[PDB]
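I have placed the structure first, in the form of structure tokens, so that the comments after it can refer back to it.
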Amino acid sequence: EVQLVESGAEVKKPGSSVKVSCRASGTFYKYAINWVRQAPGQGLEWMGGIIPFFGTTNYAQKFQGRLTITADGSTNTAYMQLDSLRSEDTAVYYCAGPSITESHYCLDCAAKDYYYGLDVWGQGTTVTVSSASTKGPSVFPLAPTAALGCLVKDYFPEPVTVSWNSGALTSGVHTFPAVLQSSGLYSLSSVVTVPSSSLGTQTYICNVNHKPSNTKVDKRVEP
Amino acid sequence: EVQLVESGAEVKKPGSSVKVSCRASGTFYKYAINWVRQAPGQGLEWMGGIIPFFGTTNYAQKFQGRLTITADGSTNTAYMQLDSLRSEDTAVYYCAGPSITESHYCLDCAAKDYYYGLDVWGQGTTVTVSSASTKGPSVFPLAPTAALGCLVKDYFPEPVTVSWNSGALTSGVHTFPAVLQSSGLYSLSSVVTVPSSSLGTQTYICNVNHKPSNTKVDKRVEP
Amino acid sequence: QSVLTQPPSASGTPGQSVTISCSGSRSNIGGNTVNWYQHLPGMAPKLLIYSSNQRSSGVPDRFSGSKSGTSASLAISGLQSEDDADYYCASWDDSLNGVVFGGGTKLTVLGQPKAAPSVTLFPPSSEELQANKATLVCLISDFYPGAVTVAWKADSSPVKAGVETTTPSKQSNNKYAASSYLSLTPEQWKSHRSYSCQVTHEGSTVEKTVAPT
Amino acid sequence: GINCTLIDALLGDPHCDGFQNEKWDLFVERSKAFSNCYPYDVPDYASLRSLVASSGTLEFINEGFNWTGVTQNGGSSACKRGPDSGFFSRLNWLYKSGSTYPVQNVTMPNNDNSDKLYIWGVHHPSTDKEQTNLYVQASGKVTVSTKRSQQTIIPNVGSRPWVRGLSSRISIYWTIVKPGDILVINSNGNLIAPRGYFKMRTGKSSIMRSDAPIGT
Amino acid sequence: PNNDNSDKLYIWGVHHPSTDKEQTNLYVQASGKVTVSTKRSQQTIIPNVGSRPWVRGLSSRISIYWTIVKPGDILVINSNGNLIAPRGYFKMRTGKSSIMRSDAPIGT
Ligand SMILES: *[C@@H]1O[C@H](CO)[C@@H](O[C@@H]2O[C@H](CO)[C@@H](O[C@@H]3O[C@H](CO[C@H]4O[C@H](CO)[C@@H](O)[C@H](O)[C@@H]4O)[C@@H](O)[C@H](O[C@H]4O[C@H](CO)[C@@H](O)[C@H](O)[C@@H]4O)[C@@H]3O)[C@H](O)[C@H]2NC(C)=O)[C@H](O)[C@H]1NC(C)=O
Ligand SMILES: *[C@@H]1O[C@H](CO)[C@@H](O[C@@H]2O[C@H](CO)[C@@H](O[C@@H]3O[C@H](CO[C@H]4O[C@H](CO)[C@@H](O)[C@H](O)[C@@H]4O)[C@@H](O)[C@H](O[C@H]4O[C@H](CO)[C@@H](O)[C@H](O)[C@@H]4O)[C@@H]3O)[C@H](O)[C@H]2NC(C)=O)[C@H](O)[C@H]1NC(C)=O
Ligand SMILES: *[C@@H]1O[C@H](CO)[C@@H](O)[C@H](O)[C@H]1NC(C)=O
């Protein structure tokens with residue numbers, strides 16, 4: 001029922017601190033809200049959890065002292081704060097919780113009794129820890145069944161997201177994994193395959209999104 | 001055990017108000033902290049006392065309305081505030097208290113039961129009440145057993161303090177009572193007598209201090 | 001060095017069954033229920049099994065979990081192409097006082113038909129040509145096995161300078177995708193009469209061509 | 001009573017659930033009886049045990065109280081129902097919903113031929129954190145009243161000795177509502193609510209302490 | 001803990017200041033509370049502030065309470081002010097002992 005939405009991708013200098021938010025779409029306070037990350041090439045790593053009802057926290061000892069997990073009951077939001085960022089902290093950070101309900105709740109069990117299998121996940125927030133400057137992308141149309149697309153060139157850091165007609169067009173869409181140029185910059189492309197007859201009318205607009213530089217760009221694609 | 005340290009010398013225009021602080025070096029709250037002054041040429045005059053534990057004050061009736069004695073428990077500090085300064089208030093202000101301890105304390109006796117003979121005194125704070133402008137001193141070296149010294153010239157008001165090698169040199173030191181020029185300004189001199197052979201090496205630095213103009217000056221004395 | 005220990009890989013053809021084991025200890029598995037997760041990275045994990053042996057909602061019955069002593073198993077019988085993914089076990093650990101995850105097992109479903117790559121080539125746009133830069137884009141998809149060599153041609157003359165090419169990477173539908181970017185000066189683009197992107201997959205070359213007019 | 005004291009069968013300590021709605025001429029309390037739910041105390045315990053015993057019945061009638069903006073059926077690890085947490089069967093542990101515990105103000109008219117016995121309670125947390133976690137307000141209060149009587153209890157916070165894991169306590173109270181009279185319950189926290197009433201009867205019923213076995 | 005063969009009688013008290021100044025001077029907190037408890041009993045007393053008639057100089061009062069701790073039972077005392085604490089316990093005994101009010105002199 002409930003869905004979790006995490007805050008947008010960030011980029012941080014080493015040493016600095018980061019705070020990611022998790023917003024539930026409904027009351028989601030009685031059971032353990034978990035934070036779990038994945039660094040490039042690693043398996044999932046559990047950071048810790050809070051039980052909003054009691055405000056109770058459990059942290060993986062590896063992060064004790066720089067990890068703070070926090071919750072606010074009125075706005076149905078959980079937060080994760082990680083200080084003294086090293087580059088190992090570059091990862092996708094997920095928030096997740098269980099969907100169980102109970103007619104008879106326990107007001108005094110042990111923390112672990114409130115942790116259940118995580119079946120509701122946020123989409124994940126990419127935090128990238130680097131000294132490099134943030135650069136937004138330049139968006140250019142790729143004019144044309146038939147194949148039309150967008151070029152998202154020269155940006156940092158990952159990630160970037162590309163939708164079509166404000167989310168309306170979904171079939172035929174293939175965004176491509178990015179490239180890592182020598183210059184340190186990235187680039188990617190998104191393609192939609194459509195019938196070649198409905199080119200002359202229907203309008204295609206790519207919605208290119210890059211949160212670490214706060215860059216929204218909509219670009220129109222015509223032959 | 002405990003030592004009291006009072007704030008620095010001040011100078012005030014008539015009508016104005018003055019607040020002197022007394023900082024204990026340890027908990028000093030259970031018994032009566034006394035303020036006692038001495039104006040030039042007069043005997044000791046008792047201003048009043050506070051008993052920090054209860055916040056209880058006793059004032060000499062002569063000062064009622066312009067004397068406020070105050071205490072703060074966390075920082076082990078007592079304060080004395082004297083308003084509407086006349087020139088008769090020019091004096092050295094001491095703070096003092098008893099060193100008694102008690103295994104069984106009385107939580108409800110009369111004020112006077114908390115006053116005991118004063119055996120711990122602060123160093124005293126010179127408050128001088130005048131219309132004249134404050135002037136800091138000019139420090140000059142007096143080059144040379146043998147006798148070397150510092151000249152502290154043209155300043156106001158009293159007092160001034162002179163140490164040697166940051167307090168290290170104490171034997172042979174003789175600072176002289178100041179002079180009162182016609183110009184209203186003061187001047188003094190401090191002399192150290194040393195062996196005349198250890199002139200060629202060991203370094204002498206006088207630390208001249210004048211708080212009413214916030215003037216610290218260290219001066220090096222060589223032949 | 002995760003507290004729970006999985007083998008790093010598993011494989012099978014469609015229809016077989018695979019068993020992914022999780023090895024823990026008294027303080028975790030031997031005293032707590034085990035969960036299993038599935039993950040097709042970039043997109044969030046999904047719960048498969050809770051309470052050691054219960055299928056979560058919407059999870060096909062071919063998935064099953066079990067526990068005994070200080071280990072746990074996930075059994076996938078009648079394997080299907082969609083199951084190619086990462087699998088993780090997790091449980092509470094009473095000495096760590098928190099949750100622990102296994103190091104994951106990558107399950108590869110084998111025996112896909114060999115598929116040739118679709119290539120779509122694009123020229124420098126109006127805007128980009130205007131900004132004094134030139135980028136050709138070669139979009140390569142739907143192939144298997146996931147390995148291609150990219151060579152860029154100018155008319156007929158090969159060019160190795162200015163080329164960036166992404167390593168292949170699984171799409172949703174189990175076939176691989178890849179891109180290649182040839183950067184130029186706009187003067188290099190308006191001089192030759194055409195450019196080409198040759199793509200080699202399993203000793204077979206597929207090319208597409210683009211031109212200034 | 002086997003393992004149960006009368007008061008435990010009244011409140012509905014889980015191992016005493018077999019005594020629900022029972023009648024007796026003589027109730028026999030055994031020395032081996034034990035409590036196994038939330039640790040509690042009864043002010044004038046002797047009097048409560050007396051008046052119930054004299055009534056001769058544990059006949060219970062559920063009623064729906066209009067609780068608003070609070071959650072019901074809170075349970076404890078000190079009072080398990082099998083493997084999972086539980087509570088006294090005839091009482092209703094009320095707590096916050098979302099992040100508020102609004103004031104409760106409910107009524108229950110006696111429109112019946114007979115007197116009603118209401119059993120209710122007040123929760124004494126071990127810490128201020130516990131207090132605010134459950135009831136949001138820092139200071140609870142419970143007021144139960146008829147037309148000719150009131151009892152307002154302030155909950156007290158602080159540690160008591162560990163009993164079945166807890167430093168906390170519940171205090172049990174009672175209220176008899178006569179026909180024509182009206183019960184009102186007022187609380188902004190710490191209320192252990194009644195789920196209804198016990199029938200009151202008069203007659204030859206009593207209670208006795210003995211370990212003598214029962215014979216035919 | 002009572003680890004002994006016999007019952008313990010604890011005598012303790014609660015202090016009722018005459019003014020709020022007195023209350024905070026002694027206990028810092030504006031409102032005290034005292035809780036004394038065993039496993040099967042508790043007593044929480046809130047101190048009350050205000051003037052009573054002068055008695056031997058004071059408007060203040062102390063209220064005395066008691067608590068009996070049985071063997072195996074355990075005493076806990078909780079307070080953030082106004083606690084008049086026990087220094088130990090009185091032995092409890094049973095027997096023929098009593099008390100009487102009289103001004104008759106004692107004889108041999
Ligand atoms: C105010 O002061 C009171 C009184 O001291 C404190 O109350 C104590 O609180 C602690 C928990 O903080 C209680 O400790 C628990 O004791 C349990 C029962 O003890 C049994 O075993 C002991 C020792 O072998 C025997 O002596 C005793 O008779 C019992 O048979 C233990 O079983 C518990 O252990 C469990 O928890 C610990 C963690 O605490 C785990 O590590 C263990 O694995 C185990 O699962 C536990 O330690 C203690 O009993 C309380 N005493 C009393 C008299 O109530 C309050 O904590 C304090 N309040 C505040 C907020 O400061
Ligand atoms: C709230 O209201 C109560 C009740 O009025 C006030 O209580 C009174 O407080 C005053 C002090 O403020 C008490 O005064 C004291 O009375 C002592 C006993 O009285 C004896 O002598 C009188 C007169 O001769 C007889 O009538 C009486 O029966 C007794 O035999 C006096 O001995 C005290 O005198 C001493 O203190 C004064 C200063 O106050 C000195 O100047 C004297 O030298 C001497 O040492 C004293 O005056 C009075 O007794 C209290 N009455 C009662 C009923 O308690 C509270 O003050 C008030 N609370 C607040 C905070 O406002
Ligand atoms: C009463 O208590 C003991 C201990 O729990 C138990 O073994 C026994 O079965 C109980 N008796 C009955 C009849 O329920």
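Following the order of the structure tokens, first chain is A, next is B, and so on, with residues numbered from 1 inside each chain and ligands from 1 in the order they appear.
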Set the cut-off to 12 Å, count only C-alpha atoms and all ligand atoms, and list whatever residues fall near ligand 3 as a list in words.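 Here is the list of contacting residues: residues 1, 2, 3, 4, 5, 14, 15, 16, 17, 18, 19, 30, 31, 32, 33, 34, 35 and 36 of chain D.
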DSSP strand (DSSP E or B) selection over segment 61-196 of chain A, as a PyMOL selection string: chain A and resi 67-72+77-82+91-97+106+120-121+125-129+135+138-142+146-156+161-164+173-175+179-180+186-194
List as a list in words the protein and nucleic acid residues lying within 10 Å of ligand 1, with only C-alpha atoms and all ligand atoms counted. residues 94 and 95 of chain C; 126, 127, 128, 129, 158, 159, 160, 161, 162, 163, 164, 165, 166 and 167 of chain D; 1, 38, 39, 72, 73, 74, 75, 76, 77 and 78 of chain E
Which of segment 11-181 of chain B fall in helix (DSSP H, G or I), as JSON, numbers by chain: {"B": [61, 62, 63, 87, 88, 89, 111, 112, 113, 114]}
Could you take the residues named above and write them with N, CA, C and O atoms, as a tab-separated table (two decimals), in the first residue's frame?
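Generated file (again-v9.tsv):
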```tsv
chain	number	residue	atom	x	y	z
B	61	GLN	N	23.51	48.97	54.73
B	61	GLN	CA	22.45	49.94	54.42
B	61	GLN	C	22.92	51.18	53.62
B	61	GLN	O	22.17	51.76	52.84
B	62	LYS	N	24.17	51.58	53.82
B	62	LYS	CA	24.76	52.73	53.12
B	62	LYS	C	24.72	52.55	51.60
B	62	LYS	O	24.70	53.52	50.85
B	63	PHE	N	24.71	51.31	51.15
B	63	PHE	CA	24.73	51.04	49.72
B	63	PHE	C	23.39	50.53	49.17
B	63	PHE	O	23.29	50.26	47.96
B	87	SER	N	32.99	59.70	43.37
B	87	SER	CA	34.43	59.50	43.48
B	87	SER	C	34.84	58.79	44.78
B	87	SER	O	35.87	58.11	44.83
B	88	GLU	N	34.01	58.90	45.81
B	88	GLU	CA	34.23	58.14	47.03
B	88	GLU	C	34.26	56.63	46.78
B	88	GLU	O	34.70	55.87	47.63
B	89	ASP	N	33.77	56.20	45.62
B	89	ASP	CA	33.75	54.77	45.35
B	89	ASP	C	35.07	54.28	44.77
B	89	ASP	O	35.28	53.07	44.63
B	111	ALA	N	20.91	33.84	58.03
B	111	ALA	CA	22.03	34.27	57.18
B	111	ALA	C	23.33	34.30	57.95
B	111	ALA	O	24.32	33.70	57.53
B	112	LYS	N	23.31	34.95	59.11
B	112	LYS	CA	24.54	35.17	59.87
B	112	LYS	C	25.28	33.88	60.24
B	112	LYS	O	26.49	33.90	60.44
B	113	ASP	N	24.56	32.76	60.29
B	113	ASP	CA	25.18	31.47	60.62
B	113	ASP	C	26.09	30.98	59.49
B	113	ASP	O	26.94	30.11	59.69
B	114	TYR	N	25.91	31.56	58.31
B	114	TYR	CA	26.72	31.19	57.16
B	114	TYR	C	27.93	32.12	56.96
B	114	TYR	O	28.75	31.87	56.06
```
Return as a tab-separated table the residues of chain E lying at most 12 Å from ligand 2, together with the closest atom-to-atom pair for each and the distance in Å to one decimal, counting only C-alpha atoms and all ligand atoms, with rows in chain order and ascending residue number.
```
residue	atom	partner	partner_atom_place_in_ligand_line	distance
E:17	CA	ligand 2	60 (C)	10.6
E:18	CA	ligand 2	60 (C)	6.9
E:19	CA	ligand 2	60 (C)	6.5
E:20	CA	ligand 2	60 (C)	9.6
E:21	CA	ligand 2	60 (C)	10.0
E:22	CA	ligand 2	60 (C)	10.3
E:49	CA	ligand 2	60 (C)	10.7
E:50	CA	ligand 2	58 (N)	7.8
E:51	CA	ligand 2	58 (N)	5.5
E:52	CA	ligand 2	54 (O)	6.1
E:53	CA	ligand 2	54 (O)	3.5
E:54	CA	ligand 2	54 (O)	3.8
E:55	CA	ligand 2	54 (O)	7.5
E:56	CA	ligand 2	18 (C)	8.7
E:57	CA	ligand 2	17 (C)	7.3
E:58	CA	ligand 2	54 (O)	7.9
E:59	CA	ligand 2	54 (O)	6.4
E:60	CA	ligand 2	54 (O)	10.0
```
Any chance you can output those residues with C-alpha atoms as a PDB file, in the first residue's frame?
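Result file follows (result-v9.pdb):
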```
ATOM      1  CA  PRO E  17       8.813  23.297  51.570  1.00  0.00           C
ATOM      2  CA  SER E  18       7.026  26.556  52.476  1.00  0.00           C
ATOM      3  CA  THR E  19       7.956  28.384  49.279  1.00  0.00           C
ATOM      4  CA  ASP E  20       9.013  27.661  45.701  1.00  0.00           C
ATOM      5  CA  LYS E  21      12.349  29.361  46.445  1.00  0.00           C
ATOM      6  CA  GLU E  22      12.948  26.865  49.205  1.00  0.00           C
ATOM      7  CA  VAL E  49       4.487  23.525  48.666  1.00  0.00           C
ATOM      8  CA  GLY E  50       2.995  26.201  50.914  1.00  0.00           C
ATOM      9  CA  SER E  51       2.886  27.707  54.389  1.00  0.00           C
ATOM     10  CA  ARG E  52       1.874  25.849  57.523  1.00  0.00           C
ATOM     11  CA  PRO E  53       1.794  27.303  61.067  1.00  0.00           C
ATOM     12  CA  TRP E  54       5.212  28.067  62.664  1.00  0.00           C
ATOM     13  CA  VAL E  55       6.470  25.069  64.617  1.00  0.00           C
ATOM     14  CA  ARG E  56       9.873  25.449  66.250  1.00  0.00           C
ATOM     15  CA  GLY E  57      10.556  28.147  63.655  1.00  0.00           C
ATOM     16  CA  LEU E  58       9.449  26.471  60.403  1.00  0.00           C
ATOM     17  CA  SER E  59       6.442  26.518  58.064  1.00  0.00           C
ATOM     18  CA  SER E  60       7.775  23.435  56.387  1.00  0.00           C
TER      19      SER E  60
END
```
Please list as a PDB file with N, CA, C and O atoms, in the first residue's frame every residue within 9 Å of residue 152 of chain A, counting only C-alpha atoms and excluding residues in the same chain fewer than 6 positions away.
```pdb
ATOM      1  N   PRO A 137      24.387  18.669 -17.893  1.00  0.00           N
ATOM      2  CA  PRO A 137      24.516  18.132 -19.250  1.00  0.00           C
ATOM      3  C   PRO A 137      24.020  19.099 -20.319  1.00  0.00           C
ATOM      4  O   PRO A 137      23.265  20.020 -20.015  1.00  0.00           O
ATOM      5  N   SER A 138      24.452  18.890 -21.558  1.00  0.00           N
ATOM      6  CA  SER A 138      23.904  19.611 -22.703  1.00  0.00           C
ATOM      7  C   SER A 138      23.009  18.640 -23.472  1.00  0.00           C
ATOM      8  O   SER A 138      23.464  17.575 -23.887  1.00  0.00           O
ATOM      9  N   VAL A 139      21.740  18.991 -23.651  1.00  0.00           N
ATOM     10  CA  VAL A 139      20.801  18.088 -24.316  1.00  0.00           C
ATOM     11  C   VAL A 139      20.535  18.460 -25.775  1.00  0.00           C
ATOM     12  O   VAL A 139      20.113  19.583 -26.076  1.00  0.00           O
ATOM     13  N   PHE A 140      20.785  17.502 -26.670  1.00  0.00           N
ATOM     14  CA  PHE A 140      20.592  17.685 -28.112  1.00  0.00           C
ATOM     15  C   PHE A 140      19.683  16.598 -28.685  1.00  0.00           C
ATOM     16  O   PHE A 140      19.756  15.442 -28.271  1.00  0.00           O
ATOM     17  N   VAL A 160      21.562  10.111 -14.317  1.00  0.00           N
ATOM     18  CA  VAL A 160      20.654  10.952 -15.090  1.00  0.00           C
ATOM     19  C   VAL A 160      19.433  10.106 -15.455  1.00  0.00           C
ATOM     20  O   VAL A 160      19.554   8.891 -15.653  1.00  0.00           O
ATOM     21  N   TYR A 186      30.652  12.198 -18.148  1.00  0.00           N
ATOM     22  CA  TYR A 186      29.823  11.112 -18.641  1.00  0.00           C
ATOM     23  C   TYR A 186      29.073  11.551 -19.892  1.00  0.00           C
ATOM     24  O   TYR A 186      29.203  12.693 -20.333  1.00  0.00           O
ATOM     25  N   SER A 187      28.310  10.623 -20.465  1.00  0.00           N
ATOM     26  CA  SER A 187      27.343  10.916 -21.520  1.00  0.00           C
ATOM     27  C   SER A 187      26.424   9.706 -21.666  1.00  0.00           C
ATOM     28  O   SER A 187      26.865   8.574 -21.463  1.00  0.00           O
ATOM     29  N   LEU A 188      25.156   9.935 -22.001  1.00  0.00           N
ATOM     30  CA  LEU A 188      24.247   8.835 -22.337  1.00  0.00           C
ATOM     31  C   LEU A 188      23.238   9.205 -23.422  1.00  0.00           C
ATOM     32  O   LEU A 188      23.160  10.353 -23.860  1.00  0.00           O
ATOM     33  N   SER A 189      22.457   8.223 -23.849  1.00  0.00           N
ATOM     34  CA  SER A 189      21.481   8.441 -24.903  1.00  0.00           C
ATOM     35  C   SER A 189      20.233   7.629 -24.602  1.00  0.00           C
ATOM     36  O   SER A 189      20.320   6.526 -24.065  1.00  0.00           O
ATOM     37  N   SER A 190      19.074   8.175 -24.949  1.00  0.00           N
ATOM     38  CA  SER A 190      17.813   7.463 -24.779  1.00  0.00           C
ATOM     39  C   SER A 190      17.102   7.400 -26.124  1.00  0.00           C
ATOM     40  O   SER A 190      17.007   8.407 -26.814  1.00  0.00           O
ATOM     41  N   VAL A 208      14.834  15.199 -19.666  1.00  0.00           N
ATOM     42  CA  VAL A 208      16.137  14.868 -19.104  1.00  0.00           C
ATOM     43  C   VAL A 208      16.328  15.503 -17.728  1.00  0.00           C
ATOM     44  O   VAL A 208      16.180  16.711 -17.557  1.00  0.00           O
TER      45      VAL A 208
END
```
Quick check: residues of chain B within 9 Å of chain E, only C-alpha atoms, returned as a list in words.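 Result, ordered by chain then number: residues 53, 54, 55, 107 and 108 of chain B.
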Write to file, as a PDB file, in the first residue's frame, the residues of the selection just made, with N, CA, C and O atoms.
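Saved result, result.pdb, follows:
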```pdb
ATOM      1  N   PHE B  53      24.431  29.247  47.705  1.00  0.00           N
ATOM      2  CA  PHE B  53      23.483  28.141  47.862  1.00  0.00           C
ATOM      3  C   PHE B  53      22.027  28.606  47.862  1.00  0.00           C
ATOM      4  O   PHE B  53      21.210  28.080  47.112  1.00  0.00           O
ATOM      5  N   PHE B  54      21.704  29.595  48.694  1.00  0.00           N
ATOM      6  CA  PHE B  54      20.333  30.090  48.785  1.00  0.00           C
ATOM      7  C   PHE B  54      20.070  31.330  47.942  1.00  0.00           C
ATOM      8  O   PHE B  54      18.925  31.752  47.798  1.00  0.00           O
ATOM      9  N   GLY B  55      21.130  31.924  47.400  1.00  0.00           N
ATOM     10  CA  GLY B  55      21.040  33.197  46.698  1.00  0.00           C
ATOM     11  C   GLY B  55      20.810  34.396  47.614  1.00  0.00           C
ATOM     12  O   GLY B  55      20.472  35.484  47.149  1.00  0.00           O
ATOM     13  N   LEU B 107      20.299  23.408  56.412  1.00  0.00           N
ATOM     14  CA  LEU B 107      19.597  23.925  55.254  1.00  0.00           C
ATOM     15  C   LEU B 107      18.649  25.101  55.531  1.00  0.00           C
ATOM     16  O   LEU B 107      18.012  25.597  54.599  1.00  0.00           O
ATOM     17  N   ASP B 108      18.556  25.556  56.784  1.00  0.00           N
ATOM     18  CA  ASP B 108      17.575  26.595  57.123  1.00  0.00           C
ATOM     19  C   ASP B 108      17.949  27.553  58.254  1.00  0.00           C
ATOM     20  O   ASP B 108      17.071  28.150  58.860  1.00  0.00           O
TER      21      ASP B 108
END
```
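Distance-wise, atom CA of residue 125 of chain D and atom CA of residue 168 of chain D end up 4.9 Å apart.
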At a cut-off of 7 Å, using only C-alpha atoms, what residues contact residue 112 of chain D? Leave out same-chain residues fewer than 2 positions from it and give the result as a list in words. residues 110, 114 and 179 of chain D
By how many Å are atom CA of residue 6 of chain B and atom CA of residue 34 of chain B apart?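 Result for atom CA of residue 6 of chain B versus atom CA of residue 34 of chain B: 12.6 Å, one decimal.
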Spatial neighbours of residue 119 of chain C, max dist 7 Å, only C-alpha atoms, sep filter under 3 positions, as a PyMOL selection string: chain C and resi 138-141+208
Based on only C-alpha atoms, which of the residues in chain A come within 9 Å of chain D? I want them as a list in words.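 For chain A, the answer reads residues 27, 28, 29, 30, 53, 54, 55, 73, 74, 103, 104, 105, 106, 107, 108, 109 and 110 of chain A.
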Mind listing as an NGL selection string which residues of chain C are within 9 Å of chain A, counting only C-alpha atoms? :C and (2 or 34-37 or 42-51 or 56 or 86 or 88 or 90-92 or 94 or 96-104 or 120 or 122-128 or 137 or 139 or 163-169 or 177-181)
If we count only C-alpha atoms and set the cut-off at 8 Å, which residues sit around residue 48 of chain D, ignoring sequence neighbours fewer than 3 positions away in its own chain? Please answer as a PDB file with N, CA and C atoms, in the first residue's frame.
```
ATOM      1  N   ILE D   7      -8.817 -12.127  41.638  1.00  0.00           N
ATOM      2  CA  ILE D   7      -8.437 -10.914  40.892  1.00  0.00           C
ATOM      3  C   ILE D   7      -7.807 -11.195  39.506  1.00  0.00           C
ATOM      4  N   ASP D  44      -6.533  -1.152  47.873  1.00  0.00           N
ATOM      5  CA  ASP D  44      -7.641  -1.843  48.539  1.00  0.00           C
ATOM      6  C   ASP D  44      -8.043  -3.143  47.829  1.00  0.00           C
ATOM      7  N   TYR D  45      -7.035  -3.824  47.305  1.00  0.00           N
ATOM      8  CA  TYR D  45      -7.088  -5.205  46.859  1.00  0.00           C
ATOM      9  C   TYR D  45      -8.054  -6.056  47.681  1.00  0.00           C
ATOM     10  N   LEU D  51     -15.643  -7.853  47.338  1.00  0.00           N
ATOM     11  CA  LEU D  51     -16.914  -7.521  46.739  1.00  0.00           C
ATOM     12  C   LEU D  51     -17.194  -8.386  45.511  1.00  0.00           C
ATOM     13  N   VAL D  52     -16.144  -8.726  44.773  1.00  0.00           N
ATOM     14  CA  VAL D  52     -16.341  -9.651  43.671  1.00  0.00           C
ATOM     15  C   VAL D  52     -16.757 -11.008  44.221  1.00  0.00           C
ATOM     16  N   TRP D 174     -11.756   0.440  40.643  1.00  0.00           N
ATOM     17  CA  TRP D 174     -13.105   0.043  40.264  1.00  0.00           C
ATOM     18  C   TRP D 174     -14.152   1.144  40.413  1.00  0.00           C
TER      19      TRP D 174
END
```
